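Q:
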Amino acid sequence: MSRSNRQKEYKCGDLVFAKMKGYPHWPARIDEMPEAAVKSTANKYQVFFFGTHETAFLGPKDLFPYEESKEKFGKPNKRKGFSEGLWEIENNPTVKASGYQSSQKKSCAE
Numbered sequence: 001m002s003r004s005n006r007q008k009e010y011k012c013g014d015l016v017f018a019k020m021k022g023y024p025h026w027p028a029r030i031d032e033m034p035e036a037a038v039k040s041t042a043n044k045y046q047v048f049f050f051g052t053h054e055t056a057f058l059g060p061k062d063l064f065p066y067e068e069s070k071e072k073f074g075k076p077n078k079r080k081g082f083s084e085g086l087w088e089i090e091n092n093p094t095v096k097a098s099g100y101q102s103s104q105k106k107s108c109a110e
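In terms of the deposited numbering, the sequence shown is residues 1 to 110.
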């Protein structure tokens, strides 16, 4: 069966663009791979949207090579905050994180 011989794959730390309905490709990066077959996650991933530092789940069909689409998707937008992402993806692709839990058993400061 010859049905378009193409099988791409992304990994944590990879710089890609995520397409959303009503919005243009937003500069993003991979933060985690798919579990296996749990919850309502067919083949999505946790991508980080620079500028706003927001995260969401999208499939590979909605993800594209940043460097490759940088010139096409790397341009200011009316949604505001888009440009801010351009600077981050270039100046700091590892900006922001998942978050840490301060004080679990006891606290000292507050």
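Beta carbons: idealized from backbone N, C-alpha and C, even for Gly.
Among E35, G99, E90, which residue has its Cα nearest to the Cα of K70?
A: It is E90 whose Cα lies nearest to the Cα of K70.
Q: Terminal residues of the continuous alpha helix (DSSP H) containing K70?
A: Start and end: 66-73.
Q: Rounded to whole angstroms, what's the CA-CA distance from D31 to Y100? Just pull it up for me.
A: Their backbone Cα atoms lie some 15 angstroms apart in a straight line.
Q: Below 8 angstroms, how does it come out for the stretch 49-69 and the stretch 77-91: are there three or more Cβ pairs, yes or no?
A: Contact holds: three or more Cβ-Cβ distances are below 8 angstroms.
Q: When you compare only the Cα positions, how much space is there between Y66 and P60?
A: Going from the Cα of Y66 to the Cα of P60 covers about 13 angstroms.
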